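Every read-out reported here was derived from the displayed coordinates using simple, explicitly stated rules and does not represent laboratory data. Here the Cβ positions follow ideal geometry from the backbone for every residue, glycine too, while neighbour counts run over all protein chains shown.
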Amino acid sequence: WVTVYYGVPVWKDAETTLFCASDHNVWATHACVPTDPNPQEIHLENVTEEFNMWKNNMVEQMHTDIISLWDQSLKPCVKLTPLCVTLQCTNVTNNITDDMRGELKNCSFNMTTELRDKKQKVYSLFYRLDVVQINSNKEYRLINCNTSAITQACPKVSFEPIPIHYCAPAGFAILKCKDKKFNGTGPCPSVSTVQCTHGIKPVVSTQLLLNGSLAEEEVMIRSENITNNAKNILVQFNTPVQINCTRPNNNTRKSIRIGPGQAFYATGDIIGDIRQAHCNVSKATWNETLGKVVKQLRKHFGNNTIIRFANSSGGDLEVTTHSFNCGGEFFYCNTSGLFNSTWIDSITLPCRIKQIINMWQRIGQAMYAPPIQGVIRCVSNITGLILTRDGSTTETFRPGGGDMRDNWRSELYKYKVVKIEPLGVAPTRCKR
Amino acid sequence: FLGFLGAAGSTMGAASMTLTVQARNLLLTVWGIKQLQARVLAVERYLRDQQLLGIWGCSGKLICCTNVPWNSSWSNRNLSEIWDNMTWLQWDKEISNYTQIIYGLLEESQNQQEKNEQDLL
Amino acid sequence: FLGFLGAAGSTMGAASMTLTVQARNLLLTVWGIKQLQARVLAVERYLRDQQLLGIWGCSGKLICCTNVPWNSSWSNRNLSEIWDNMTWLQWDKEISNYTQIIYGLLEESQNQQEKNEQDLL
Amino acid sequence: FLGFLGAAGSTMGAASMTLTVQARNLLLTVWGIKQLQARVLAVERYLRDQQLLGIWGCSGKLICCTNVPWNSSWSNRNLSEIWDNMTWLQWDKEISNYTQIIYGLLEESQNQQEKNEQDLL
Amino acid sequence: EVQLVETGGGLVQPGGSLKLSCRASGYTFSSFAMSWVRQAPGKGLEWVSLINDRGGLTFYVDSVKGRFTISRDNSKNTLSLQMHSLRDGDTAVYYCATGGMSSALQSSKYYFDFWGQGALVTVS
Ligand SMILES: *[C@@H]1O[C@H](CO)[C@@H](O[C@@H]2O[C@H](CO)[C@@H](O[C@@H]3O[C@H](CO)[C@@H](O)[C@H](O[C@H]4O[C@H](CO)[C@@H](O)[C@H](O)[C@@H]4O)[C@@H]3O)[C@H](O)[C@H]2NC(C)=O)[C@H](O)[C@H]1NC(C)=O
Ligand SMILES: *[C@@H]1O[C@H](CO)[C@@H](O[C@@H]2O[C@H](CO)[C@@H](O)[C@H](O)[C@H]2NC(C)=O)[C@H](O)[C@H]1NC(C)=O
Ligand SMILES: *[C@@H]1O[C@H](CO)[C@@H](O[C@@H]2O[C@H](CO)[C@@H](O)[C@H](O)[C@H]2NC(C)=O)[C@H](O)[C@H]1NC(C)=O
Ligand SMILES: *[C@@H]1O[C@H](CO)[C@@H](O[C@@H]2O[C@H](CO)[C@@H](O)[C@H](O)[C@H]2NC(C)=O)[C@H](O)[C@H]1NC(C)=O
Ligand SMILES: *[C@@H]1O[C@H](CO)[C@@H](O[C@@H]2O[C@H](CO)[C@@H](O)[C@H](O)[C@H]2NC(C)=O)[C@H](O)[C@H]1NC(C)=O
Ligand SMILES: *[C@@H]1O[C@H](CO)[C@@H](O)[C@H](O)[C@H]1NC(C)=O
Ligand SMILES: *[C@@H]1O[C@H](CO)[C@@H](O)[C@H](O)[C@H]1NC(C)=O
Ligand SMILES: *[C@@H]1O[C@H](CO)[C@@H](O)[C@H](O)[C@H]1NC(C)=O
Ligand SMILES: *[C@@H]1O[C@H](CO)[C@@H](O)[C@H](O)[C@H]1NC(C)=O
Ligand SMILES: *[C@@H]1O[C@H](CO)[C@@H](O)[C@H](O)[C@H]1NC(C)=O
Ligand SMILES: *[C@@H]1O[C@H](CO)[C@@H](O)[C@H](O)[C@H]1NC(C)=O
Ligand SMILES: *[C@@H]1O[C@H](CO)[C@@H](O)[C@H](O)[C@H]1NC(C)=O
Ligand SMILES: *[C@@H]1O[C@H](CO)[C@@H](O)[C@H](O)[C@H]1NC(C)=O
Ligand SMILES: *[C@@H]1O[C@H](CO)[C@@H](O)[C@H](O)[C@H]1NC(C)=O
Ligand SMILES: *[C@@H]1O[C@H](CO)[C@@H](O)[C@H](O)[C@H]1NC(C)=O
Ligand SMILES: *[C@@H]1O[C@H](CO)[C@@H](O)[C@H](O)[C@H]1NC(C)=O
Ligand SMILES: *[C@@H]1O[C@H](CO)[C@@H](O)[C@H](O)[C@H]1NC(C)=O
Ligand SMILES: *[C@@H]1O[C@H](CO)[C@@H](O)[C@H](O)[C@H]1NC(C)=O
Ligand SMILES: *[C@@H]1O[C@H](CO)[C@@H](O)[C@H](O)[C@H]1NC(C)=O
Ligand SMILES: *[C@@H]1O[C@H](CO)[C@@H](O)[C@H](O)[C@H]1NC(C)=O
Ligand SMILES: *[C@@H]1O[C@H](CO)[C@@H](O)[C@H](O)[C@H]1NC(C)=O
Ligand SMILES: *[C@@H]1O[C@H](CO)[C@@H](O)[C@H](O)[C@H]1NC(C)=O
Ligand SMILES: *[C@@H]1O[C@H](CO)[C@@H](O)[C@H](O)[C@H]1NC(C)=O
Ligand SMILES: *[C@@H]1O[C@H](CO)[C@@H](O)[C@H](O)[C@H]1NC(C)=O
Ligand SMILES: *[C@@H]1O[C@H](CO)[C@@H](O)[C@H](O)[C@H]1NC(C)=O
Ligand SMILES: *[C@@H]1O[C@H](CO)[C@@H](O)[C@H](O)[C@H]1NC(C)=O
Ligand SMILES: *[C@@H]1O[C@H](CO)[C@@H](O)[C@H](O)[C@H]1NC(C)=O
Ligand SMILES: *[C@@H]1O[C@H](CO)[C@@H](O)[C@H](O)[C@H]1NC(C)=O
Ligand SMILES: *[C@@H]1O[C@H](CO)[C@@H](O)[C@H](O)[C@H]1NC(C)=O
Ligand SMILES: *[C@@H]1O[C@H](CO)[C@@H](O)[C@H](O)[C@H]1NC(C)=O
Ligand SMILES: *[C@@H]1O[C@H](CO)[C@@H](O)[C@H](O)[C@H]1NC(C)=O
Ligand SMILES: *[C@@H]1O[C@H](CO)[C@@H](O)[C@H](O)[C@H]1NC(C)=O
């Protein structure tokens with residue numbers, strides 16, 4: 001009666017190592033498998049499968065893979081140890097608008113030349129956020145000098161978030177939930193098997209989620225525990241909100257040789273006048289979008305509840321502002337103009353710019369972002385929010401972020417990895 | 001018709017006609033190592049299943065009819081329910097606790113068969 | 001007599017007596033990875049061929065006589081030309097375009113055979 | 001009863017009932033490479049033995065009765081001494097020098113058998 | 001309610017050939033094995049042939065083993081029986097029946113569940 005079958009369509013939850021595939025990058029370059037131009041997807045009829053986006057180890061793998069790629073891409077670049085010197089700084093005062101008063105420092109210093117016998121007197125411009133006043137009222141040091149070594153990113157490697165596809169190894173499969181209005185947990189019908197994930201762009205940001213995927217029909221609210229104020233709420237929009245950012249300053253770049261084969265890229269004089277970096281969000285669009293978000297929050301908090309939006313709480317710049325990398329430069333924008341309302345042209349968000357960047361939440365590994373010549377203009381899609389609930393007739397929501405896993409969890413929520421188990425036995429009516 | 005796992009929601013007797021579909025899908029130094037480990041594992045898992053079929057006397061087959069009786073205590077159901085209503089995922093859950101017992105019995109009946117066949121030659 | 005590939009220029013029926021000759025020849029961290037990849041690949045290629053023979057019902061054989069008829073459209077030649085004049089390299093070119101058709105037919109006839117043999121037990 | 005190699009000191013006919021016991025036990029970047037090499041080798045060694053059984057016509061078996069006669073010059077002993085007094089370790093030493101001869105004969109008789117079976121079909 | 005309807009010629013010369021057929025309805029044709037049974041003009045029943053549900057396996061009584069062919073087409077819901085050579089001893093009513101075998105993955109039958117009315121064949 002026992003009959004053995006091999007090739008049985010059975011699987012179990014499993015954790016494995018997925019590989020990257022893709023169609024001068026920081027991330028996926030040549031250490032990545034070329035994609036299949038005609039990838040497959042198979043609908044599974046009558047299959048109900050339980051998904052849990054909050055326990056999805058694909059998120060942990062992506063987090064680890066992008067950090068490791070980031071570091072490998074800085075390892076061979078120029079060390080800026082020679083730059084951690086006493087700086088003599090004054091204010092940049094030439095044609096400065098009020099918003100930029102005190103933002104730029106004109107600093108001179110004694111730098112190493114190619115020969116070990118000689119030094120050179122050089123100068124460069126720094127942002128106020130890059131330096132620390134010491135002592136002699138003009139003496140400054142770079143901010144990272146008492147904490148860490150700093151390296152210069154190689155100005156040939158772009159930070160463009162080129163999409164990565166994750167693919168399963170043989171013996172494993174990735175299941176995709178196609179059930180619209182899937183909130184991240186529990187069972188869903190309409191499951192399909194895919195060879196690989198769609199391309200996911202490793203966009204790094206806080207508060208606002210940029211350039212991601214959109215909800216198919218309705219704005220969705222997803223959380224690990226909606227009643228736990230210690231958990232974040234991810235909000236996925238069903239329409240994009242366009243945001244236009246810029247650094248309206250025609251910068252120049254100069255190369256300072258600091259050794260036999262090494263150079264420091266310094267910000268030189270700025271052409272034209274000095275203006276503040278900023279981002280524009282269409283006001284009507286933002287209001288309509290916020291409209292939809294509240295309508296959905298009411299489903300969990302009550303339709304007679306007062307839902308208020310407020311700006312961020314205190315913390316470091318990387319937490320309280322909207323951080324993003326665009327055009328090759330790192331912007332920190334003030335979002336208090338977006339989250340200032342009860343219930344529910346353009347809105348201008350002022351921004352600050354930094355050159356010394358501490359990625360993720362690490363201490364000890366700083367990088368210097370070389371300046372970009374000319375003027376930067378960026379156009380991107382806001383596709384979602386990270387909100388934290390501040391908490392008896394009202395609830396206040398504030399922008400959150402800083403934990404990058406939340407930005408990938410929002411794209412990988414539809415995927416699950418399973419292991420195929422091809423043997424099975426069953427009673428039949430035959431005998432060897 | 002159906003591709004890989006397309007029969008997963010089908011009944012056990014509707015499935016089990018697609019066995020070759022699933023069988024064929026089983027096949028910077030740090031990235032190199034991670035991928036070699038994934039590939040080596042896929043091979044090791046494949047070979048363990050093949051070794052197991054071999055010791056049960058089912059080498060080279062997708063469907064292997066054995067000489068072990070079915071204990072009604074493992075699953076007291078008729079062929080009609082098992083092959084026409086149930087899917088393989090449901091079945092796997094139903095008899096998960098008896099898998100090792102069944103495997104032990106399959107190995108033992110093959111050892112006896114293999115020896116009887118030697119004595120007859 | 002002949003060693004590996006020594007029969008390559010021989011006719012198909014003179015060759016095919018040397019099948020075990022070829023079958024047995026199929027078996028600083030950067031250098032380590034390059035060699036592991038070469039070794040892992042050799043294993044994966046070997047296993048794919050063995051899996052394929054298995055699903056066609058030819059496991060464990062070097063010569064396997066199947067139950068699929070030969071379509072004259074694949075190659076309209078008599079046994080005398082194929083086995084006495086042609087070499088295997090020439091033959092492989094002649095029917096390259098029909099390889100996938102033939103493979104599909106071999107898999108299907110085995111699925112039918114395997115099921116008929118279950119019903120007879 | 002006995003686990004892996006527990007039958008090593010037993011006689012040849014007491015052992016050889018434990019064949020599945022042994023068969024199943026055959027299955028910072030620098031550390032990663034050392035372990036991948038160990039795993040790749042285990043697979044390669046396993047497959048060479050399986051390939052060899054295949055070309056001798058013993059695929060899928062632990063005990064395979066062949067059609068090659070035993071030359072008394074390889075070991076002039078009766079079944080009683082070989083199966084009841086000797087252990088497998090002792091036997092392996094006794095006929096070590098004839099292993100390659102025997103293997104060559106096994107391959108050749110299979111080639112002849114395989115062809116005769118084709119002519120009969 | 002199911003139906004089995006035998007059709008086919010009823011008068012042949014010995015040494016000739018004859019094809020009978022049976023149209024089925026009211027059940028899934030493809031789920032059942034089928035057979036032919038003869039009723040001698042003045043005696044009892046005799047089993048002649050059996051075909052599997054998928055049409056791949058056929059069985060015969062020794063007396064027709066080298067003469068008759070049983071075939072099935074699941075797309076038309078029909079059986080056929082091709083007689084050749086023909087003997088006087090083959091005169092009988094030929095009944096189409098459902099049952100006889102099993103498919104080894106379902107409960108066995110080994111009995112005949114449904115019968116048609118029978119074609120009458122005379123060998124002159
Ligand atoms: C959200 O998606 C949008 C759409 O893709 C994305 O905006 C795009 O960013 C890229 C890179 O910043 C822009 O492409 C640049 O366009 C300027 C135009 O003059 C070029 O000069 C740039 O080339 C320089 O850098 C290259 C780096 O490899 C060098 O090779 C080259 O020689 C130049 O130095 C580059 O082409 C693209 O135009 C925009 N698209 C739009 C609509 O603006 C946006 O950034 C994404 N959001 C986030 C946060 O990333
Ligand atoms: C930053 O300070 C430097 C001097 O350390 C300024 O450069 C000088 O500008 C005067 C203007 O008359 C020139 O005559 C000097 O020759 C310049 N010195 C050098 C070394 O080039 C520089 O312009 C200041 N930059 C800003 C933006 O204020
Ligand atoms: C490196 O120097 C900075 C600047 O002095 C130190 O950070 C300051 O710590 C004091 C302690 O009361 C705070 O009040 C300042 O606001 C901090 N400044 C900044 C810019 O954060 C920093 O702790 C020093 N690091 C080490 C390792 O000594
Ligand atoms: C973000 O922008 C807002 C206003 O655009 C800044 O808000 C001011 O903060 C000071 C701090 O005490 C208040 O006294 C002002 O009244 C605030 N203005 C308004 C209109 O409320 C805010 O500080 C900026 N945040 C950051 C981090 O720069
Ligand atoms: C912002 O979102 C819109 C809508 O998803 C994107 O526009 C679509 O891009 C796809 C890409 O092939 C086109 O096929 C669609 O027709 C586009 N829609 C429209 C209305 O043009 C848009 O590109 C996104 N913006 C960014 C910067 O990614
Ligand atoms: C401000 O811009 C004008 C434009 O030509 C320039 O002439 C002037 O010198 C600038 N001011 C300073 C302080 O450089
Ligand atoms: C630079 O501008 C800031 C603006 O508040 C002012 O406090 C500071 O004293 C200025 N420094 C110099 C050297 O003028
Ligand atoms: C450079 O070194 C000389 C040496 O005396 C010193 O006087 C000068 O102030 C230094 N320059 C700067 C900008 O510190
Ligand atoms: C998501 O849907 C499941 C379905 O049971 C529900 O239990 C869960 O609470 C929902 N999540 C939220 C945040 O409400
Ligand atoms: C969700 O958060 C509330 C807040 O107290 C907690 O009591 C509840 O147990 C949490 N739910 C789960 C499933 O842990
Ligand atoms: C933002 O709006 C202001 C309104 O005058 C406009 O001048 C500015 O250029 C806009 N910025 C962007 C990035 O479009
Ligand atoms: C962004 O730039 C595009 C360019 O055409 C413009 O149409 C759009 O309105 C701008 N968005 C905002 C918020 O200004
Ligand atoms: C946003 O929507 C609310 C709905 O009451 C409306 O009152 C408010 O004026 C809107 N704001 C804008 C900028 O249109
Ligand atoms: C919220 O709207 C739903 C819609 O049916 C309704 O059932 C529910 O009672 C409403 N809650 C309040 C507080 O009115
Ligand atoms: C939020 O707005 C309040 C208004 O007084 C301001 O004090 C606070 O600093 C703002 N938060 C941030 C991060 O700017
Ligand atoms: C928040 O809304 C009030 C309403 O009058 C406005 O005065 C205030 O400036 C707004 N805050 C920000 C940061 O725009
Ligand atoms: C920046 O200044 C250079 C000086 O020649 C000019 O050619 C360039 O067009 C300017 N860029 C912008 C964006 O105005
Ligand atoms: C899914 O269930 C329906 C219910 O009858 C069935 O007809 C269909 O064939 C099932 N799907 C598959 C792949 O068999
Ligand atoms: C069936 O299993 C029970 C325990 O579940 C065992 O006692 C019984 O002997 C088994 N029957 C046979 C025939 O082995
Ligand atoms: C056999 O199948 C029938 C379905 O009609 C079911 O009711 C019965 O319980 C089954 N027999 C066993 C062994 O349970
Ligand atoms: C099992 O399949 C048969 C097929 O006709 C169906 O009639 C029966 O109701 C099914 N039983 C269950 C429990 O689904
Ligand atoms: C398998 O073991 C678990 C352990 O709790 C038990 O709950 C389950 O019912 C067992 N399965 C069967 C079929 O008895
Ligand atoms: C090469 O061709 C000649 C031509 O007759 C043939 O005799 C010879 O045997 C061929 N070589 C081999 C290896 O058969
Ligand atoms: C032989 O191949 C032709 C097409 O090349 C096809 O139409 C024909 O049916 C095939 N013959 C058989 C017996 O399958
Ligand atoms: C059979 O072989 C002869 C060689 O004498 C050849 O001329 C003929 O064309 C062959 N037949 C076919 C099927 O081509
Ligand atoms: C094929 O081999 C036979 C063997 O005698 C030979 O006579 C014949 O000419 C060969 N034909 C061709 C085309 O080489
Ligand atoms: C195989 O396909 C190529 C494609 O050009 C064709 O030229 C060749 O003749 C084909 N081979 C056969 C045997 O038809
Ligand atoms: C070891 O030798 C003794 C000697 O008689 C024997 O009885 C015993 O069984 C042997 N050990 C094993 C594992 O057979
Ligand atoms: C047995 O081996 C001897 C050499 O050791 C050899 O001469 C003899 O022919 C062999 N006997 C047989 C039957 O092959
Ligand atoms: C056979 O066994 C006996 C043990 O009683 C031994 O004395 C004799 O030598 C053996 N025969 C051979 C072939 O040596
Ligand atoms: C071989 O085993 C038999 C088993 O009874 C024993 O009597 C005999 O003495 C043993 N011979 C040797 C040489 O150990
Ligand atoms: C095997 O070869 C060695 C080589 O010295 C020899 O001593 C030994 O006796 C040989 N073994 C046999 C069984 O003849």
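General remarks:
- Here C:103, C:46, C:98 are screened, and the one residue that is in a helix (DSSP H, G or I) and within 30 Å of residue B:29 (Cα to Cα) is C:46.
- Within the range E:56-66, not a single residue is under 22 Å from residue E:3 (Cβ atoms) and either touching a strand residue (DSSP E or B) at 6+ places or on another chain (Cβ under 7 Å) or among the hydroxyl-bearing types (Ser, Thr, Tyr) (or both).
- Exclusive hit being under 30 Å from residue B:12 (Cβ atoms) and within 13 Å of the chain's Cα centre (by Cα), set E:68, E:112: E:112
- Boolean, residue A:366 is away from ligand 1 (no atom under 16 Å from the Cβ), crowded, with 17+ Cβ neighbours inside 10 Å and under 25 Å from residue A:61 (Cα atoms): yes
- Pair list, Cβ under 7 Å, 6 or more apart: the range A:225-239 residue away from ligand 24 (no atom under 16 Å from the Cβ), other residue assigned to a loop (DSSP other than H, G, I, E, B) and small (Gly, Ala, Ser): A:229/A:391; A:232/A:400; A:236/A:215; A:237/A:215; A:238/A:215
- Residues of the range A:87-111 satisfying the condition of being under 25 Å from residue A:259 (Cβ atoms) and loosely packed, with under 15 Cβ neighbours inside 10 Å: A:108, A:110
- Failed criterion for residue A:41 (all others in (1) within 18 Å of the chain's Cα centre (by Cα); (2) exposed (fewer than 15 other Cβ atoms within 10 Å of the Cβ) hold): (1)
- Members of the range A:220-233 found to be near ligand 9 (Cβ under 10 Å from one of its atoms), closer than 17 Å to residue A:385 by Cβ and in contact with a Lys or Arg (Cβ under 6 Å, 6 or more places away or on another chain), listed by number: A:223, A:224
- Selection from the range B:83-95 of residues that are in contact with a helix residue (DSSP H, G or I) (Cβ under 9 Å, 6 or more places away or on another chain), outside any helix (DSSP H, G or I) and within 16 Å of ligand 18 (Cβ to nearest atom): B:86
- Checking residue B:114 against (1) in contact with a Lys or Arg (Cβ under 8 Å, 6 or more places away or on another chain); (2) in a helix (DSSP H, G or I); (3) under 22 Å from residue A:11 (Cβ atoms), the condition it does not meet: (3)
- Against the numbered list (1) touching a helix residue (DSSP H, G or I) at 6+ places or on another chain (Cβ under 8 Å); (2) away from every other protein chain (no Cβ under 14 Å); (3) among the basic types (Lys, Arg), residue C:61 comes up short only at (2).
- Entry remark, the range A:202-234: residues being in contact with an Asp or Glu (Cβ under 8 Å, 6 or more places away or on another chain) and away from ligand 4 (no atom under 16 Å from the Cβ) number 6 in total.
- Complete set of residues in the range E:11-26 that are outside any loop (DSSP other than H, G, I, E, B) and farther than 15 Å from residue E:81 by Cβ: E:11, E:25
- Residue in the range A:88-117 that is farthest from ligand 13 (Cβ to nearest atom), counting only those that are acidic (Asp, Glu) and in a loop (DSSP other than H, G, I, E, B): A:117
- One residue from C:10, C:72 being away from chain B (no Cβ under 14 Å), surrounded by 14 or more Cβ atoms within 10 Å (Cβ to Cβ) and either not in a helix (DSSP H, G or I) or not β-branched (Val, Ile, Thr) (or both): C:10
- Residues in the range D:74-82 include at least one that is within 30 Å of residue B:59 (Cβ to Cβ) and touching a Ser or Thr at 6+ places or on another chain (Cβ under 8 Å).
- Qualifying residue in the range C:17-29 (condition: outside any helix (DSSP H, G or I), within 9 Å of another protein chain (Cβ to nearest Cβ), closer than 30 Å to residue D:32 by Cα and charged (D, E, K, R)): yes
- Hey, residue D:114 more than 16 Å from ligand 4 (Cβ to nearest atom), over 19 Å from the mean Cα position of the chain (by Cα) and surrounded by 13 or more Cβ atoms within 10 Å (Cβ to Cβ) or not: yes
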